[PDB]
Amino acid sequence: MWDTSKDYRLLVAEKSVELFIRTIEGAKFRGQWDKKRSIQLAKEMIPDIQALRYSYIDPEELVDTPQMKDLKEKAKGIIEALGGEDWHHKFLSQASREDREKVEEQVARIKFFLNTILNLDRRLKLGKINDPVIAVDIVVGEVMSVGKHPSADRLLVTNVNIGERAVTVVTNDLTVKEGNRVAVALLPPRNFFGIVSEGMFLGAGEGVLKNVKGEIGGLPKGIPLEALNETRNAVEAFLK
């Protein structure tokens, strides 16, 4: 039997809803987005996820459940509540001053949650594998630009093309460069002193993997197992 109650993919899903609700709560009530509906729809996801967690059904079979269908519908409904497919530019527009940093963090967290829910089925499709590493999406990116962190000595800020999305990624590997092919783990965002980081590069002791195989936005190929450790640790830290 599969212990769905311990499944990292579902635990990350449940925790991402909590993250979303907290994020939205801390967000400004405005007339141009529906804060209450956003929160209500996210709360309605919880019984779906709990039902999956306590089903004890094989993860491949969770994909085609009414609960999974309902979760995706609720995520689409939230996107509409937030202002539609371009909600992420509307939020950021309420920003200008220091408003930018607070809103960038909010937007990053919402993106992490939406993608956690909308692509949960792809992760469950991987089957009877319980590994924190497959509870988040890891995708091939190409580094577009790099620069020293404005206020942290041993930190590098990068912009990475991951296909349908560009992400800012902060790394401690100061040798990452434009044109590097990297694997980005789409972990909960972290705000490095005003620079909001939307994932973490795969790497191990020797630094970031800079010649990752695969198409942009696709699953990385030939990743050394040692390069998964930090990502596992990050997922575990998120869960608590």
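We number the residues from 1 along the sequence you see.
Visitor: Select between 191-199 and 28-36 the stretch whose C-alpha atoms have the higher average B-factor in the entry.
Guide: 28-36 has the higher mean C-alpha B-factor.
Visitor: Using only C-alpha atoms and the B-factors in the entry, which stretch averages higher, 90-98 or 122-130?
Guide: Comparing 90-98 with 122-130, the higher average CA B-factor belongs to 90-98.
Visitor: Name the one of 151, 168, 161, 106 with the greatest CA B-factor according to the PDB entry.
Guide: By C-alpha B-factor in the record, 151 ranks first.
Visitor: Choose from 42, 62, 182, 185 the residue with the greatest Cα B-factor as stated in the PDB record.
Guide: Among 42, 62, 182, 185, the highest C-alpha B-factor in the entry belongs to 62.
Visitor: Check where residue 209 lands among this chain's C-alpha B-factors and tell me if it's the lowest, middle or highest third.
Guide: Middle third of the chain for residue 209's C-alpha B-factor.
Visitor: Test of reading the entry: by CA B factor among the chain's modelled residues, which third contains residue 137?
Guide: Lowest third - that is where residue 137 ends up once the chain's C-alpha B-factors are sorted.
Visitor: Grab the CA temperature factor for residue 143 from the record and place it in the lowest, middle or highest third of its chain.
Guide: Middle third - that is where residue 143 ends up once the chain's C-alpha B-factors are sorted.
Visitor: Ranked by Cα temperature factor within the chain, is residue 81 in the lowest third, the middle third or the highest third?
Guide: For residue 81, the deposited C-alpha B-factor lands in the middle third.
Visitor: Within this chain's modelled residues, let me know which third the CA B factor of residue 49 belongs to: lowest, middle or highest.
Guide: As the PDB entry reports it, the C-alpha B-factor of residue 49 lands in the lowest third of its chain.
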